[PDB]
Amino acid sequence: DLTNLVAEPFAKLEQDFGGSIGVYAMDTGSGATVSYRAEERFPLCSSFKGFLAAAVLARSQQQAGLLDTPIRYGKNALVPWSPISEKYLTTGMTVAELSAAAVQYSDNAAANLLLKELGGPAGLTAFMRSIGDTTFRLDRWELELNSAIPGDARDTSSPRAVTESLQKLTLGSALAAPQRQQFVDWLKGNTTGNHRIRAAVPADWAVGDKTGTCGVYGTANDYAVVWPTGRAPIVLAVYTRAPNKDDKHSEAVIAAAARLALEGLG
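Residue numbers for the sequence shown follow the authors' numbering, beginning at 24 and rising by one.
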């Protein structure tokens, strides 16, 4: 199999990039995996917002009316990159709309308001422990969680823990069937990842994804569930970082790493 023939191409890719690339991909058919730096910590950046939305849905299972609960917020809630929350400043938005905004537009104000609802970064971390993720940690809010300082474990996970948690939430039994499909539909409607894992995948394969872009230390990422035509779904996570604050992230590198991960599962 091709599982142990991706290390050299990944090394070449991270050397051309000027940093570190972390990948974990899982064929849910065979159980086969592709692993490269899959147990190293990488900053989550905005990628935590997918798991934030999952945590809201998990709580909605035992709390009727959570998703339709109106959240009234002031201008003080608006932080940079809040493209949806900005437009509903005067009316407020439901828990469901904030969740959709956080997943599909990486809306920062929406993410912070939802974090408040779940008991802050500690609350989301506790949710991730409750589905058996012992790696994920969120420590800060938007936008301070984006500092992405080399060796700083704050606001990080591993590509493997991300992929495993994503599998449990989208395909396993961590969410009830309506909540599971809603999480899948939110990820499928993501607008920020067209130049990442989606660019590594045939156009007629269904894809749901959540992106992260710290804006520093060449630190960016994408995770996705992929449904190949007539085959068991594939789950994968691609995380990058670089040693200098002004190193540029690359969407093309994330796409190329996704292509290698999928080819590696051949």
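Positions of the beta carbon are idealized from the N, C-alpha and C atoms, including for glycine.
Check: In whole angstroms, what separates the C-alpha of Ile172 from that of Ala87?
Finding: 40 Å
Note to self: Just verifying my parser: in three-state terms, what is the DSSP assignment at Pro93?
What the structure shows: strand
Next item on the list: Could you spell out the range, first to last residue, of the alpha helix (DSSP H) harbouring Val276?
Entry: 274-287
Next item on the list: Verify whether the separation of the beta carbon atoms of residue 14 and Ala176 is less than 7 Å.
Entry: Since the first residue shown for the chain is 24 and the last is 289, residue 14 is missing from the structure and cannot be characterised.
Margin query: Pop quiz: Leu259 and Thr186 are said to be a contact at Cβ under 8 Å. What is the actual Cβ separation, rounded to whole angstroms?
Written below: Right, the Cβ-Cβ distance comes to about 6 Å (below 8 Å), so this counts as a contact.
Notebook entry, point to check: Using DSSP with H/G/I as helix, E/B as strand and the rest coil, what is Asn244?
Noted result: strand
Check: Could you check where the beta strand (DSSP E) with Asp50 kicks off and where it finishes?
Finding: 43-50
Notebook entry, point to check: How should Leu25 be labelled, buried or exposed, when 16 other C-beta atoms within 10 angstroms of its C-beta is the threshold for buried?
Noted result: exposed
Checklist line | Of the residues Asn217, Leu67, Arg152, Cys68, the one placed nearest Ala281, counting alpha carbons only | finding: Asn217
Checklist line | CA-to-CA distance, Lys139 to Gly97, given in whole angstroms | finding: 14 Å
Checklist line | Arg160 classed as buried or exposed, judged by whether at least 16 other C-beta atoms fall within 10 angstroms | finding: buried
Check: Distance, Cα to Cα, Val230 vs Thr148?
Finding: 26 Å
Next item on the list: Determine the extent of the beta strand (DSSP E) in which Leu259 is found, giving its start and end residues.
Entry: 257-264
Notebook entry, point to check: Is the segment 109-116 touching the segment 48-58 in the sense that three or more CB pairs, one from each, lie closer than 8 Å?
Noted result: No, because fewer than three Cβ pairs between the segment 48-58 and the segment 109-116 fall closer than 8 Å, the two stretches do not touch.
Check: In terms of residues, what are the limits of the alpha helix (DSSP H) holding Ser83?
Finding: Residues 71-83.
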